[PDB]
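For reference, the structure discussed in these notes is given below.
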Amino acid sequence: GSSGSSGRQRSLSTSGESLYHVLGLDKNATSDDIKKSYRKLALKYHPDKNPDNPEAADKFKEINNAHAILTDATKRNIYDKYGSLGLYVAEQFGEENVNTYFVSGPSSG
């Protein structure tokens, strides 16, 4: 909570690209698109299908995290508002903790 008047607004700082790319979708991609796609991208980049494969681990390792992050509102909002950094802080500190951290910056009123 602790919000009613301030209502911090979002800034168009982010470049544009996001996890969506990691898989092959766009900003106009619906959760369903992420889940469905994740499947095909998981069966092809399967660890068992590609034994002792360097590129396989890199890709798959990326898909899991990507989808795993997109398959969650809590984070989905963090990666959308903050991004990669937000996840870190919110990792140990906590989503609620990431509030005071950001809320307090070069911005005011």
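Numbers here mean position along the shown chain, with the first residue as 1.
Recorded method is solution NMR.
Keep in mind that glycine also has a Cβ here, set from the backbone N, Cα and C atoms.
Taking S18, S37 one by one, Swiss-Prot attaches phosphoserine to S18. If you compare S13, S31 in Swiss-Prot, the phosphoserine annotation sits on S13. For the pair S18 (phosphoserine) and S11 (phosphoserine), the C-alpha distance works out to 16 angstrom. With helix defined as DSSP H, G or I and strand as E or B, the domain 'J' (16-85) counts 47 helix, 0 strand, 23 coil. Proximity to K59 (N6-acetyllysine), defined by a C-alpha to C-alpha distance within 10 angstroms, is shown by none of the modified residues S13, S15, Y20.
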